[PDB]
$ cat query_3.cif   # mmCIF, C-alpha atoms and all ligand atoms
data_final
loop_
_atom_site.label_atom_id
_atom_site.label_comp_id
_atom_site.auth_asym_id
_atom_site.auth_seq_id
_atom_site.Cartn_x
_atom_site.Cartn_y
_atom_site.Cartn_z
CA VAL A 31 55.54 75.61 89.30
CA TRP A 32 58.37 77.96 90.27
CA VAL A 33 61.15 75.89 91.88
CA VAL A 34 62.52 74.63 88.55
CA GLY A 35 62.83 78.07 86.96
CA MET A 36 64.86 79.78 89.70
CA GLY A 37 67.35 76.91 89.86
CA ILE A 38 68.31 77.44 86.21
CA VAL A 39 69.08 81.12 86.83
CA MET A 40 71.06 80.40 90.00
CA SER A 41 73.06 77.68 88.20
CA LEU A 42 73.74 80.17 85.40
CA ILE A 43 75.04 82.61 88.03
CA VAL A 44 77.32 79.88 89.42
CA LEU A 45 78.60 79.02 85.94
CA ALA A 46 79.28 82.64 85.01
CA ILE A 47 81.13 83.37 88.26
CA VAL A 48 83.29 80.25 88.11
CA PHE A 49 84.03 80.69 84.39
CA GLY A 50 85.11 84.30 84.84
CA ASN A 51 87.27 83.55 87.87
CA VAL A 52 89.00 80.57 86.24
CA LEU A 53 89.57 82.53 83.03
CA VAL A 54 91.17 85.45 84.89
CA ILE A 55 93.36 83.17 87.02
CA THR A 56 94.58 81.12 84.06
CA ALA A 57 95.19 84.27 81.99
CA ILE A 58 97.38 85.66 84.76
CA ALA A 59 99.17 82.34 85.29
CA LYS A 60 99.88 81.29 81.70
CA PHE A 61 101.35 84.44 80.15
CA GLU A 62 104.49 86.13 81.48
CA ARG A 63 103.69 89.57 80.05
CA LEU A 64 100.74 90.00 82.44
CA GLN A 65 102.88 89.42 85.55
CA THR A 66 103.23 92.74 87.37
CA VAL A 67 103.59 93.89 90.98
CA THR A 68 100.09 95.40 90.73
CA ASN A 69 98.52 92.24 89.26
CA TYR A 70 98.95 90.01 92.33
CA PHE A 71 96.01 91.79 93.98
CA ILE A 72 93.85 90.83 90.99
CA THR A 73 94.92 87.22 91.49
CA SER A 74 93.97 87.37 95.18
CA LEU A 75 90.58 88.90 94.36
CA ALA A 76 89.93 86.26 91.69
CA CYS A 77 90.87 83.48 94.13
CA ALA A 78 88.52 84.90 96.77
CA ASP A 79 85.68 85.20 94.24
CA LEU A 80 86.28 81.63 93.04
CA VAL A 81 86.20 80.35 96.63
CA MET A 82 82.94 82.24 97.16
CA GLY A 83 81.41 80.75 94.02
CA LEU A 84 82.60 77.21 94.74
CA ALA A 85 81.81 76.96 98.47
CA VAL A 86 79.06 79.55 99.13
CA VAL A 87 76.48 79.72 96.33
CA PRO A 88 75.70 75.96 95.95
CA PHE A 89 74.99 75.41 99.65
CA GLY A 90 72.79 78.50 99.80
CA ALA A 91 70.93 77.38 96.68
CA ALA A 92 70.35 73.95 98.20
CA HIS A 93 69.11 75.51 101.45
CA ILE A 94 66.75 77.90 99.63
CA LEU A 95 65.35 75.33 97.21
CA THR A 96 65.00 72.47 99.70
CA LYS A 97 62.87 72.59 102.83
CA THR A 98 65.56 71.79 105.41
CA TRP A 99 69.32 71.97 105.89
CA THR A 100 69.78 68.17 105.67
CA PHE A 101 73.36 68.38 106.97
CA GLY A 102 75.14 68.30 110.30
CA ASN A 103 75.20 71.07 112.87
CA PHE A 104 78.98 71.31 112.48
CA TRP A 105 78.78 72.48 108.87
CA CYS A 106 76.71 75.62 109.53
CA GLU A 107 79.45 77.44 111.46
CA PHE A 108 81.95 76.49 108.74
CA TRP A 109 79.66 77.82 106.00
CA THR A 110 78.96 81.12 107.78
CA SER A 111 82.66 81.63 108.52
CA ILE A 112 83.53 80.94 104.88
CA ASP A 113 80.97 83.52 103.75
CA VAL A 114 82.29 86.17 106.16
CA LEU A 115 85.92 85.49 105.23
CA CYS A 116 85.23 85.71 101.50
CA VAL A 117 83.25 88.96 101.78
CA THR A 118 85.85 90.63 104.00
CA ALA A 119 88.74 89.52 101.77
CA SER A 120 87.01 90.84 98.65
CA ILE A 121 86.25 94.22 100.24
CA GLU A 122 89.78 94.68 101.59
CA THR A 123 91.38 93.59 98.31
CA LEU A 124 89.29 96.21 96.51
CA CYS A 125 90.47 98.80 99.04
CA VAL A 126 94.12 97.86 98.41
CA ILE A 127 93.59 98.03 94.64
CA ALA A 128 92.31 101.57 95.14
CA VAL A 129 95.16 102.56 97.48
CA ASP A 130 98.02 101.45 95.23
CA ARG A 131 96.52 103.30 92.25
CA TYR A 132 96.22 106.43 94.38
CA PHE A 133 99.90 106.09 95.31
CA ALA A 134 100.83 105.61 91.65
CA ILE A 135 98.94 108.71 90.49
CA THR A 136 99.84 111.03 93.38
CA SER A 137 103.62 110.44 93.54
CA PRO A 138 105.09 108.86 90.39
CA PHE A 139 108.79 109.39 91.16
CA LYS A 140 108.66 107.47 94.46
CA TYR A 141 106.14 104.86 93.27
CA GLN A 142 108.99 102.37 92.80
CA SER A 143 110.07 102.65 96.45
CA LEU A 144 106.57 102.13 97.86
CA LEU A 145 105.77 98.94 95.92
CA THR A 146 108.27 96.12 95.41
CA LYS A 147 108.12 92.40 94.65
CA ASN A 148 108.18 91.40 98.32
CA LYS A 149 105.76 94.12 99.46
CA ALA A 150 102.81 92.56 97.62
CA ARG A 151 103.28 89.21 99.37
CA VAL A 152 103.53 90.84 102.80
CA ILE A 153 100.45 93.01 102.30
CA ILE A 154 98.43 90.11 100.88
CA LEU A 155 99.27 87.79 103.78
CA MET A 156 98.54 90.59 106.26
CA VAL A 157 95.17 91.44 104.70
CA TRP A 158 94.12 87.79 104.47
CA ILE A 159 95.16 87.07 108.06
CA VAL A 160 93.17 90.11 109.21
CA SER A 161 90.19 88.84 107.19
CA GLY A 162 90.51 85.38 108.74
CA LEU A 163 90.99 86.68 112.28
CA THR A 164 87.38 87.91 112.36
CA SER A 165 85.82 84.92 110.55
CA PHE A 166 86.93 81.67 112.19
CA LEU A 167 87.84 82.96 115.66
CA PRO A 168 84.51 84.49 116.84
CA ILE A 169 82.26 81.89 115.17
CA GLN A 170 84.01 78.56 115.82
CA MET A 171 84.21 79.40 119.54
CA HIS A 172 80.54 80.52 119.70
CA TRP A 173 81.22 84.15 120.62
CA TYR A 174 78.32 85.48 118.51
CA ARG A 175 75.38 83.66 120.12
CA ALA A 176 72.30 85.58 121.26
CA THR A 177 70.41 85.43 124.55
CA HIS A 178 66.92 85.51 123.02
CA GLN A 179 64.64 82.55 123.67
CA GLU A 180 63.87 82.59 119.95
CA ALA A 181 66.66 80.93 117.90
CA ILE A 182 67.88 79.13 121.04
CA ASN A 183 66.08 76.10 119.64
CA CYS A 184 67.62 76.85 116.23
CA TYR A 185 71.06 76.66 117.84
CA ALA A 186 69.95 73.47 119.60
CA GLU A 187 68.09 71.93 116.65
CA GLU A 188 70.31 70.32 114.02
CA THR A 189 67.75 70.75 111.23
CA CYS A 190 67.23 74.50 111.58
CA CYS A 191 70.02 76.77 110.32
CA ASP A 192 69.77 80.56 110.06
CA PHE A 193 71.86 83.56 111.03
CA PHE A 194 71.28 84.98 114.51
CA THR A 195 73.93 87.32 115.90
CA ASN A 196 74.55 89.23 119.11
CA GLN A 197 74.53 93.02 119.28
CA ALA A 198 78.32 93.34 119.24
CA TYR A 199 79.46 91.01 116.44
CA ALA A 200 77.08 92.59 113.92
CA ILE A 201 78.12 96.24 114.29
CA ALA A 202 81.78 95.33 114.86
CA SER A 203 81.90 93.18 111.72
CA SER A 204 80.10 95.85 109.69
CA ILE A 205 82.55 98.52 110.85
CA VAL A 206 85.58 96.33 110.12
CA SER A 207 84.37 95.11 106.72
CA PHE A 208 82.44 97.94 105.05
CA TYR A 209 82.81 101.52 106.28
CA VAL A 210 86.61 101.90 106.39
CA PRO A 211 87.19 100.69 102.78
CA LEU A 212 84.36 102.96 101.62
CA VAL A 213 85.91 106.02 103.29
CA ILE A 214 89.37 105.18 101.94
CA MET A 215 88.03 104.72 98.41
CA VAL A 216 86.04 107.96 98.54
CA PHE A 217 89.01 110.03 99.71
CA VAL A 218 91.61 108.56 97.35
CA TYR A 219 89.34 108.66 94.30
CA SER A 220 88.34 112.27 95.02
CA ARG A 221 92.03 113.19 95.12
CA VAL A 222 92.69 111.25 91.90
CA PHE A 223 89.80 112.98 90.13
CA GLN A 224 91.09 116.38 91.28
CA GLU A 225 94.55 115.60 89.87
CA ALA A 226 93.07 114.40 86.57
CA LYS A 227 90.96 117.55 86.25
CA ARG A 228 94.02 119.73 86.92
CA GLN A 229 96.02 117.86 84.26
CA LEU A 230 93.18 118.22 81.74
CA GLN A 231 92.96 121.95 82.45
CA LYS A 232 96.72 122.32 81.98
CA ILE A 233 96.78 120.49 78.64
CA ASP A 234 93.72 122.40 77.40
CA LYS A 235 95.48 125.66 78.29
CA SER A 236 98.68 124.52 76.57
CA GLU A 237 96.93 123.44 73.34
CA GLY A 238 94.79 126.20 71.84
CA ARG A 239 93.88 124.12 68.78
CA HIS A 269 84.56 114.18 80.10
CA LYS A 270 86.03 110.66 80.14
CA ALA A 271 87.25 109.88 83.66
CA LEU A 272 83.73 110.54 84.97
CA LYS A 273 82.40 107.37 83.34
CA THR A 274 85.22 105.21 84.70
CA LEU A 275 85.01 106.57 88.24
CA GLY A 276 81.21 106.38 88.12
CA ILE A 277 81.06 102.74 87.09
CA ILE A 278 83.85 101.76 89.51
CA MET A 279 82.17 103.38 92.51
CA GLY A 280 78.59 102.58 91.51
CA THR A 281 79.02 98.84 91.05
CA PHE A 282 80.52 98.43 94.53
CA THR A 283 78.14 100.88 96.23
CA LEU A 284 74.95 99.49 94.68
CA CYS A 285 76.14 95.94 95.39
CA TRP A 286 77.16 96.30 99.04
CA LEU A 287 75.52 99.41 100.52
CA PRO A 288 71.95 98.36 101.49
CA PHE A 289 72.96 95.03 103.06
CA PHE A 290 75.17 96.53 105.75
CA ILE A 291 72.65 99.28 106.51
CA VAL A 292 69.86 96.76 107.04
CA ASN A 293 72.30 94.53 108.96
CA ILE A 294 72.94 97.40 111.36
CA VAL A 295 69.28 98.34 111.68
CA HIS A 296 67.72 94.96 112.47
CA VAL A 297 70.15 94.52 115.37
CA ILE A 298 69.73 98.14 116.48
CA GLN A 299 65.94 97.76 116.70
CA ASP A 300 63.68 94.71 116.82
CA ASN A 301 60.91 93.85 114.31
CA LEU A 302 62.37 96.38 111.84
CA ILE A 303 62.47 93.94 108.89
CA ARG A 304 61.35 90.45 107.96
CA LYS A 305 63.73 87.63 106.97
CA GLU A 306 62.89 87.35 103.26
CA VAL A 307 64.09 90.88 102.50
CA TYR A 308 67.31 90.25 104.45
CA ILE A 309 67.96 87.02 102.53
CA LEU A 310 67.20 88.68 99.18
CA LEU A 311 69.58 91.56 99.92
CA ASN A 312 72.27 89.11 101.03
CA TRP A 313 71.88 87.15 97.79
CA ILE A 314 71.87 90.25 95.57
CA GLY A 315 75.07 91.32 97.33
CA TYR A 316 76.75 88.09 96.21
CA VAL A 317 76.51 89.00 92.51
CA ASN A 318 79.30 91.58 92.93
CA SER A 319 82.06 88.97 92.62
CA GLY A 320 80.82 88.08 89.14
CA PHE A 321 81.00 91.65 87.83
CA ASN A 322 84.50 92.40 89.16
CA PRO A 323 86.43 90.50 86.43
CA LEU A 324 84.40 92.29 83.75
CA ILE A 325 84.88 95.68 85.41
CA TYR A 326 88.59 95.45 86.14
CA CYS A 327 90.48 93.69 83.31
CA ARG A 328 90.16 95.97 80.27
CA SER A 329 93.71 96.60 79.03
CA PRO A 330 94.66 95.61 75.45
CA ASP A 331 97.13 93.07 76.86
CA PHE A 332 94.31 91.30 78.72
CA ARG A 333 92.17 91.30 75.57
CA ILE A 334 95.03 89.81 73.54
CA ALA A 335 95.57 87.17 76.22
CA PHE A 336 91.87 86.28 76.27
CA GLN A 337 91.93 85.97 72.48
CA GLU A 338 94.98 83.69 72.82
CA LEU A 339 93.05 81.40 75.19
CA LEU A 340 90.49 80.70 72.46
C1 LIG B 401 74.49 84.94 106.37
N1 LIG B 401 75.66 85.43 105.61
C2 LIG B 401 76.56 86.38 106.32
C3 LIG B 401 76.02 86.80 107.72
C4 LIG B 401 76.63 88.10 108.34
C5 LIG B 401 77.74 88.83 107.56
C6 LIG B 401 77.87 88.62 106.17
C7 LIG B 401 78.91 89.31 105.50
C8 LIG B 401 79.78 90.17 106.15
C9 LIG B 401 79.69 90.41 107.53
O1 LIG B 401 80.50 91.23 108.21
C10 LIG B 401 78.63 89.72 108.25
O2 LIG B 401 78.50 89.92 109.56
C11 LIG B 401 76.90 87.66 105.46
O3 LIG B 401 77.46 87.21 104.27
#
$ encode --input "query_3.cif" --output "structure tokens"
Amino acid sequence: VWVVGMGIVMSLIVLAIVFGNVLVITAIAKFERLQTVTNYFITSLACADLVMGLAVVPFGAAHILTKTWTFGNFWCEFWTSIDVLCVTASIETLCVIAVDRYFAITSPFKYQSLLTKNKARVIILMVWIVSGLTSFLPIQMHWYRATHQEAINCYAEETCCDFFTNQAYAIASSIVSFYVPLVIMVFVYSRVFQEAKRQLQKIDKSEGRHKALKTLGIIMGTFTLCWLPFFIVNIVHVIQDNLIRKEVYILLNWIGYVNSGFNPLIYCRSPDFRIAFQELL
């Protein structure tokens, strides 16, 4: 009396994510005015979110709704690697989108030298290859297996499929994928806010007859609320045993996946993007 209802909501999530991603990608592709050296990162983020929505959510929904995996043992390592790759790529793309804006605000005269047409391609290939180095390599070669008697059968059994990681690969992946982008964002956005406050003070002193707080607050809060608890609990259950159950872990993992849907709404707000979206329909 409850399986039917949840499926509708999860399918709506899938539809919203895919619709937003496709709309952003086609808006960037069709119109020449939107092409900019700082818009390639948006394209990469949209592609990563679309890959997440197309190859991550449906399999998880099928696994959750149905009793058993009902697929081969080979596909589980592919699915987990795809999830890890997509999450890491999204996080690092967000970090780059923060870094280039910090460079633009801090030093405007030399902003042209730092970012060029070829630089975006190089940085995107580098960031994606770093994301893929930690996804396929340590999973496809079975470097993350655990020594516990529990889940040894799960590795052996083709029907069972759930995440069980060693002590290293959990903390190492968390450090690589979450904490460094968070620190970089915090520092650069604090500096940007300081510069904006100084400029506002100067103009208010010049003209003898806020607003950035809302933007910075939403930008930081969406990401933090979406991705903070999952990595904390990921660290803790490996640090100590019997700390959590599995249902809470799965629920936090699923609620972390909704971030990719909100990013197109959060990021594209310029009048040019609105005019383009109007021109689509
Ligand atoms: C079960 N899904 C995976 C499992 C572990 C993991 C995820 C995301 C980023 C990481 O760095 C991870 O180690 C999750 O999306």
$ residues_near_ligand --input "query_3.cif" --ligand "ligand LIG 401 (chain B)" --cutoff "9 Å" --atoms "all atoms listed in the file" --output "PyMOL selection string"
chain A and resi 109-118+164-165+192-195+199-208+289-290+293+309+312-313+315-316
$ atom_distance --input "query_3.cif" --atom1 "atom CA of residue A:198" --atom2 "atom CA of residue A:178"
14.3 Å
$ closest_residue --input "query_3.cif" --among "A:144, A:126, A:36, A:47" --to "residue A:212" --atoms "only C-alpha atoms"
A:126
$ residues_around --input "query_3.cif" --residues "residue A:196" --least-positions-apart "5" --cutoff "7 Å" --atoms "all atoms listed in the file" --output "MDAnalysis selection string"
chainID A and resid 174:176
$ closest_residue --input "query_3.cif" --among "A:322, A:146, A:328, A:173" --to "residue A:66" --atoms "all atoms listed in the file"
A:146
$ closest_residue --input "query_3.cif" --among "A:317, A:152, A:325, A:38" --to "residue A:82" --atoms "all atoms listed in the file"
A:317
$ build_atoms --input "query_3.cif" --residues "stretch 125-149 of chain A" --atoms "N, CA, C and O atoms" --output "PDB file, in the frame of the given file"
ATOM      1  N   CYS A 125      89.887  97.617  98.416  1.00  0.00           N
ATOM      2  CA  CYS A 125      90.470  98.800  99.040  1.00  0.00           C
ATOM      3  C   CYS A 125      91.956  98.933  98.702  1.00  0.00           C
ATOM      4  O   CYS A 125      92.441 100.033  98.410  1.00  0.00           O
ATOM      5  N   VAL A 126      92.692  97.819  98.738  1.00  0.00           N
ATOM      6  CA  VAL A 126      94.120  97.860  98.410  1.00  0.00           C
ATOM      7  C   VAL A 126      94.328  98.239  96.949  1.00  0.00           C
ATOM      8  O   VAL A 126      95.257  98.989  96.608  1.00  0.00           O
ATOM      9  N   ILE A 127      93.487  97.706  96.057  1.00  0.00           N
ATOM     10  CA  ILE A 127      93.590  98.030  94.640  1.00  0.00           C
ATOM     11  C   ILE A 127      93.299  99.505  94.391  1.00  0.00           C
ATOM     12  O   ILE A 127      93.795 100.094  93.422  1.00  0.00           O
ATOM     13  N   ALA A 128      92.481 100.123  95.241  1.00  0.00           N
ATOM     14  CA  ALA A 128      92.310 101.570  95.140  1.00  0.00           C
ATOM     15  C   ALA A 128      93.534 102.316  95.681  1.00  0.00           C
ATOM     16  O   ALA A 128      93.987 103.305  95.086  1.00  0.00           O
ATOM     17  N   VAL A 129      94.078 101.846  96.807  1.00  0.00           N
ATOM     18  CA  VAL A 129      95.160 102.560  97.480  1.00  0.00           C
ATOM     19  C   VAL A 129      96.419 102.596  96.619  1.00  0.00           C
ATOM     20  O   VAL A 129      97.087 103.635  96.516  1.00  0.00           O
ATOM     21  N   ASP A 130      96.776 101.468  95.999  1.00  0.00           N
ATOM     22  CA  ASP A 130      98.020 101.450  95.230  1.00  0.00           C
ATOM     23  C   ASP A 130      97.909 102.331  93.987  1.00  0.00           C
ATOM     24  O   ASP A 130      98.884 102.979  93.591  1.00  0.00           O
ATOM     25  N   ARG A 131      96.725 102.381  93.369  1.00  0.00           N
ATOM     26  CA  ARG A 131      96.520 103.300  92.250  1.00  0.00           C
ATOM     27  C   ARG A 131      96.617 104.748  92.697  1.00  0.00           C
ATOM     28  O   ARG A 131      97.165 105.592  91.974  1.00  0.00           O
ATOM     29  N   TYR A 132      96.078 105.066  93.878  1.00  0.00           N
ATOM     30  CA  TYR A 132      96.220 106.430  94.380  1.00  0.00           C
ATOM     31  C   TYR A 132      97.689 106.782  94.592  1.00  0.00           C
ATOM     32  O   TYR A 132      98.123 107.891  94.260  1.00  0.00           O
ATOM     33  N   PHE A 133      98.467 105.851  95.151  1.00  0.00           N
ATOM     34  CA  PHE A 133      99.900 106.090  95.310  1.00  0.00           C
ATOM     35  C   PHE A 133     100.584 106.288  93.963  1.00  0.00           C
ATOM     36  O   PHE A 133     101.455 107.155  93.821  1.00  0.00           O
ATOM     37  N   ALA A 134     100.213 105.486  92.964  1.00  0.00           N
ATOM     38  CA  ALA A 134     100.830 105.610  91.650  1.00  0.00           C
ATOM     39  C   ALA A 134     100.545 106.976  91.031  1.00  0.00           C
ATOM     40  O   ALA A 134     101.444 107.613  90.470  1.00  0.00           O
ATOM     41  N   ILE A 135      99.296 107.439  91.118  1.00  0.00           N
ATOM     42  CA  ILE A 135      98.940 108.710  90.490  1.00  0.00           C
ATOM     43  C   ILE A 135      99.546 109.885  91.260  1.00  0.00           C
ATOM     44  O   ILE A 135     100.099 110.814  90.658  1.00  0.00           O
ATOM     45  N   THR A 136      99.462 109.862  92.594  1.00  0.00           N
ATOM     46  CA  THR A 136      99.840 111.030  93.380  1.00  0.00           C
ATOM     47  C   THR A 136     101.340 111.306  93.312  1.00  0.00           C
ATOM     48  O   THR A 136     101.757 112.447  93.081  1.00  0.00           O
ATOM     49  N   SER A 137     102.166 110.279  93.508  1.00  0.00           N
ATOM     50  CA  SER A 137     103.620 110.440  93.540  1.00  0.00           C
ATOM     51  C   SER A 137     104.251 109.426  92.597  1.00  0.00           C
ATOM     52  O   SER A 137     104.457 108.260  92.973  1.00  0.00           O
ATOM     53  N   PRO A 138     104.572 109.827  91.367  1.00  0.00           N
ATOM     54  CA  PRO A 138     105.090 108.860  90.390  1.00  0.00           C
ATOM     55  C   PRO A 138     106.584 108.589  90.546  1.00  0.00           C
ATOM     56  O   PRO A 138     107.047 107.488  90.231  1.00  0.00           O
ATOM     57  N   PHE A 139     107.344 109.577  91.024  1.00  0.00           N
ATOM     58  CA  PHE A 139     108.790 109.390  91.160  1.00  0.00           C
ATOM     59  C   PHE A 139     109.114 108.349  92.227  1.00  0.00           C
ATOM     60  O   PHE A 139     110.011 107.520  92.036  1.00  0.00           O
ATOM     61  N   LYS A 140     108.401 108.373  93.351  1.00  0.00           N
ATOM     62  CA  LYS A 140     108.660 107.470  94.460  1.00  0.00           C
ATOM     63  C   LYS A 140     107.762 106.236  94.440  1.00  0.00           C
ATOM     64  O   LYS A 140     107.750 105.475  95.412  1.00  0.00           O
ATOM     65  N   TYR A 141     107.007 106.027  93.358  1.00  0.00           N
ATOM     66  CA  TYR A 141     106.140 104.860  93.270  1.00  0.00           C
ATOM     67  C   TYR A 141     106.936 103.558  93.309  1.00  0.00           C
ATOM     68  O   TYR A 141     106.445 102.544  93.818  1.00  0.00           O
ATOM     69  N   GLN A 142     108.159 103.566  92.773  1.00  0.00           N
ATOM     70  CA  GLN A 142     108.990 102.370  92.800  1.00  0.00           C
ATOM     71  C   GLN A 142     109.346 101.971  94.232  1.00  0.00           C
ATOM     72  O   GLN A 142     109.336 100.784  94.577  1.00  0.00           O
ATOM     73  N   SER A 143     109.675 102.953  95.074  1.00  0.00           N
ATOM     74  CA  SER A 143     110.070 102.650  96.450  1.00  0.00           C
ATOM     75  C   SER A 143     108.917 102.051  97.243  1.00  0.00           C
ATOM     76  O   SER A 143     109.118 101.127  98.038  1.00  0.00           O
ATOM     77  N   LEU A 144     107.703 102.572  97.049  1.00  0.00           N
ATOM     78  CA  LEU A 144     106.570 102.130  97.860  1.00  0.00           C
ATOM     79  C   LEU A 144     106.201 100.682  97.581  1.00  0.00           C
ATOM     80  O   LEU A 144     105.922  99.920  98.514  1.00  0.00           O
ATOM     81  N   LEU A 145     106.191 100.277  96.313  1.00  0.00           N
ATOM     82  CA  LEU A 145     105.770  98.940  95.920  1.00  0.00           C
ATOM     83  C   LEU A 145     106.943  98.176  95.332  1.00  0.00           C
ATOM     84  O   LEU A 145     107.585  98.645  94.388  1.00  0.00           O
ATOM     85  N   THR A 146     107.213  96.998  95.888  1.00  0.00           N
ATOM     86  CA  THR A 146     108.270  96.120  95.410  1.00  0.00           C
ATOM     87  C   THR A 146     107.702  94.710  95.254  1.00  0.00           C
ATOM     88  O   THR A 146     106.517  94.463  95.499  1.00  0.00           O
ATOM     89  N   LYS A 147     108.562  93.781  94.832  1.00  0.00           N
ATOM     90  CA  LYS A 147     108.120  92.400  94.650  1.00  0.00           C
ATOM     91  C   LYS A 147     107.707  91.770  95.971  1.00  0.00           C
ATOM     92  O   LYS A 147     106.688  91.075  96.041  1.00  0.00           O
ATOM     93  N   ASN A 148     108.483  92.002  97.032  1.00  0.00           N
ATOM     94  CA  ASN A 148     108.180  91.400  98.320  1.00  0.00           C
ATOM     95  C   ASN A 148     107.034  92.095  99.045  1.00  0.00           C
ATOM     96  O   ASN A 148     106.366  91.472  99.878  1.00  0.00           O
ATOM     97  N   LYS A 149     106.798  93.376  98.751  1.00  0.00           N
ATOM     98  CA  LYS A 149     105.760  94.120  99.460  1.00  0.00           C
ATOM     99  C   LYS A 149     104.377  93.538  99.195  1.00  0.00           C
ATOM    100  O   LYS A 149     103.538  93.477 100.104  1.00  0.00           O
TER     101      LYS A 149
END
